[PDB]
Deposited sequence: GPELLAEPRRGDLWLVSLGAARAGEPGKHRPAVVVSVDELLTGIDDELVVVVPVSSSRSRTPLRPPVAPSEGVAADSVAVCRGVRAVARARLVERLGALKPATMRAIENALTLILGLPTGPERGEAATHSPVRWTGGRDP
């Protein structure tokens, strides 16, 4: 499939929609529509915190949006309905740090 780690995609949540960051690795993609992609939803209604780092409009979203890494979820690839953009590498590092904390990884 076409969504790549670090991409901003619009996700259809069944109808509501939210931007989200693709966080699963590209080698998992086999090109079937029902295979799972792991994403971090983006919110424009919550304040920034160390676990909700900001995402810049340069990266494809609205002003004052944050990556809600505590809301990390696998979704079917078919739910990713529009490519919106891509994150700056430092934003991706802030998200990776938040996910490492949230999931108790080394």
| query | finding |
| --- | --- |
| Ranges of the deposited sequence (numbered from 1) for which no C-alpha atom is modelled | 1-5, 20-26, 119-140 |
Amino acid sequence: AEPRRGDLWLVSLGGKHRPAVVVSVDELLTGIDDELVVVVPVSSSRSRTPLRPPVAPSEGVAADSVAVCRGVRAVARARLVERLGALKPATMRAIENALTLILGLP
From here on, numbers count along this sequence of modelled residues.
{"item": "Selected stretch [higher average CA B-factor]: 22-30 or 53-61", "value": "53-61"}
{"item": "Stretch exceeding the other in mean C-alpha B-factor - 42-50, 72-80", "value": "42-50"}
{"item": "Third of the chain, ranked by Cα B-factor, where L10 sits", "value": "lowest"}
